[PDB]
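Below you will find one chain, with nothing else, as structure tokens; this is the form deposited without its partner chain, and questions on how it binds or moves follow later.
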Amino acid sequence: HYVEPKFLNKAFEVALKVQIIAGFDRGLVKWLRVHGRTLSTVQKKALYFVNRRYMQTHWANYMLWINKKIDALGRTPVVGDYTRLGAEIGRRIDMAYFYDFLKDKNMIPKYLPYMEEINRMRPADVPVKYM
């Protein structure tokens, strides 16, 4: 049996997704400390979904940046490198600018079954596509 190669080691992909989602979520918690009493339970879940889907649709953009950092290391990369880079993305995207738009313009998405499915996944399992 042939083995289909992966385009990024699974553990490396997992470190990126865990750290990006964790960082986006940390900023959502700080934003909800201020605004959470003005949002319904389903609206708050929709914003958690927004975090995961934002990572998914910006994945290829992040990979371009990650790969330049990896090429600059001067050695074989290891999982810790992807943890550090995913945490940097997780902290630097100022998602509250988007939360403010969604709240202030009454644009928080209607919460749907597929969104709850994505929220209930482990970050490690959230699907990404390489392009």
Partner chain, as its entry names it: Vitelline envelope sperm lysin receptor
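Residue numbers count along the first chain shown, from 1.
From this point on, the text means the form deposited with its partner chain bound, which you will not see here.
- Every residue of the trio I93, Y114 and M131 has some heavy atom no more than 4.5 Å from its partner chain in the entry with it bound.
- Within 4.5 Å of some heavy atom of its partner chain in the entry with it bound lies at least one heavy atom of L102.
- Taking the partner from the other structure, its partner chain in the entry with it bound has no heavy atom within 4.5 Å of any heavy atom of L32.
- Using a 4.5 Å cutoff between non-hydrogen atoms, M121 does not count as a contact of its partner chain in the entry with it bound.
- At least one heavy atom of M107 is located within 4.5 Å of its partner chain in the entry with it bound.
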